[PDB]
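Residue numbers (the deposited numbering): 4 to 359. Please read the structure below before turning to the comments.
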């Protein structure tokens with residue numbers, strides 16, 4: 004049962020049903036990457052998808068943001084249990100005197116929404132938004148998946164090291180990770196590799212950045228670079244502080260059903276049922292506030308586990324899964340924002356073959 008056939012079997016129904024113009028799949032097993040490419044980067048240019056094509060990865064960016072945040076912890080900028088206002092004096096007398104940095108990262112501050120209101124379109128309006136925000140829930144009690152939440156985490160984490168987020172990401176974290184094809188903004192020389200997204204109206208689209216885009220959803224990368232990042236999260240980085248940062252993202256804070264929320268990465272015990280993985284990535288979790296099952300102490304989650312993250316933008320759909328104990332990882336990047344449940348089913352089938 005060759006890998007190539009297993010991947011084709013899982014991917015073709017996605018290409019068929021969702022008319023996906025281009026998809027890059029990377030599989031890591033036994034220390035070696037394998038690439039499976041489908042279709043075209045731009046329907047109006049000749050270049051085909053390869054493992055070098057740059058895609059918008061949307062919320063998979065949150066795993067990079069989380070790693071930048073834990074890097075700042077390693078470097079002494081903050082502790083995860085610090086109150087947010089310790090690192091944001093402009094938030095004195097706001098809800099953020101009682102919210103911790105970890106709660107921002109884990110979407111549990113108390114009902115921050117998925118997106119900023121569209122009127123929040125400047126730094127000053129962003130500051131005022133957080134100052135004025137009235138919680139819906141007590142800190143820590145409810146998970147509500149939120150860009151303002153983890154966005155503020157990344158913004159403040161960078162502040163604790165005295166650098167802008169984009170600078171710290173592009174000049175420190177990505178170079179130390181040896182990721183040479185990973186960008187918050189694609190440079191002119193790499194535009195040749197940058198796919199267009201295809202919307203639900205079948206129009207070519209690219210992300211026009213908004214407030215805290217870099218932190219919440221702004222990475223563009225290739226399947227080759229993203230599977231290198233997955234490998235770093237299993238067998239390590241040779242930069243000792245980056246390794247400490249990578250490991251710390253496995254810290255779990257609470258569970259929602261069979262999912263444990265860490266920093267960026269969400270994880271499951273492995274073996275894991277498909278049902279459990281579908282439920283944890285469903286709108287019941289991602290589109291409704293959930294009361295959490297809390298941990299007395301945040302806990303490093305282990306190797307015998309499946310770590311994952313979805314990402315979606317206008318015109319793009321990404322999914323990443325890996326099981327450290329097995330040394331297996333899967334990256335699936337597409338220029339269609341096709342259903343998360345379909346991403347999960349396809350990745351699950353591939354993973355069951357790779358790690359029976």
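We treat Cβ as the ideally placed atom computed from N, Cα and C, and that holds for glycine.
Less than 6 Å between C-beta atoms, sequence neighbours within five positions excluded: which residues of the same chain meet that for residue i?
| i | result |
| --- | --- |
| residue 99 | 87 and 88 |
| residue 40 | 27, 52 and 53 |
| residue 75 | 160, 163 and 164 |
| residue 297 | 257 |
| residue 77 | 244, 247 and 248 |
| residue 106 | 112, 142 and 143 |
| residue 326 | 273, 309 and 358 |
| residue 38 | 29 and 54 |
Tell me the DSSP secondary structure of residue i in three-state form.
| i | result |
| --- | --- |
| residue 186 | strand |
| residue 177 | helix |
| residue 154 | helix |
| residue 270 | strand |
| residue 38 | strand |
| residue 129 | helix |
| residue 276 | coil |
| residue 57 | strand |
| residue 31 | strand |
| residue 109 | coil |
| residue 295 | coil |
| residue 114 | coil |
| residue 148 | coil |
| residue 351 | helix |
| residue 223 | strand |
| residue 49 | coil |
| residue 78 | coil |
On the CB-based measure, 16 or more other CB atoms within 10 Å of its CB, does residue i come out buried or exposed?
| i | result |
| --- | --- |
| residue 324 | buried |
| residue 312 | buried |
| residue 35 | exposed |
| residue 346 | buried |
| residue 65 | buried |
| residue 81 | buried |
| residue 218 | buried |
| residue 269 | buried |
| residue 350 | buried |
| residue 147 | buried |
| residue 102 | buried |
| residue 79 | exposed |
| residue 24 | buried |
| residue 67 | buried |
Apart from the five residues on each side of it in sequence, which residues of its chain come closer than 8 Å, Cβ to Cβ, to residue i?
| i | result |
| --- | --- |
| residue 215 | 119, 129, 150, 151, 154, 155, 157 and 158 |
| residue 4 | 356 |
| residue 170 | 161 |
| residue 354 | 309, 324, 326, 331 and 333 |
Would residue i pass as a contact of residue j if the rule is Cβ separation under 9 Å?
| i | j | result |
| --- | --- | --- |
| residue 302 | residue 319 | no |
| residue 56 | residue 220 | no |
| residue 266 | residue 252 | yes |
| residue 275 | residue 309 | yes |
| residue 321 | residue 59 | yes |
| residue 239 | residue 246 | yes |
| residue 328 | residue 306 | yes |
| residue 50 | residue 195 | yes |
| residue 29 | residue 334 | yes |
| residue 225 | residue 184 | yes |
| residue 213 | residue 207 | no |
On the DSSP bridge assignment, give the partners of residue i in chain order.
| i | result |
| --- | --- |
| residue 340 | Paired residues: none, contrary to the question. |
| residue 325 | 310 and 332 |
| residue 315 | 320 |
| residue 254 | 303 |
| residue 262 | 259 |
| residue 104 | The partner list for residue 104 (beta bridge, DSSP) is empty, contrary to what the question assumes. |
| residue 25 | 42 |
| residue 207 | 201 |
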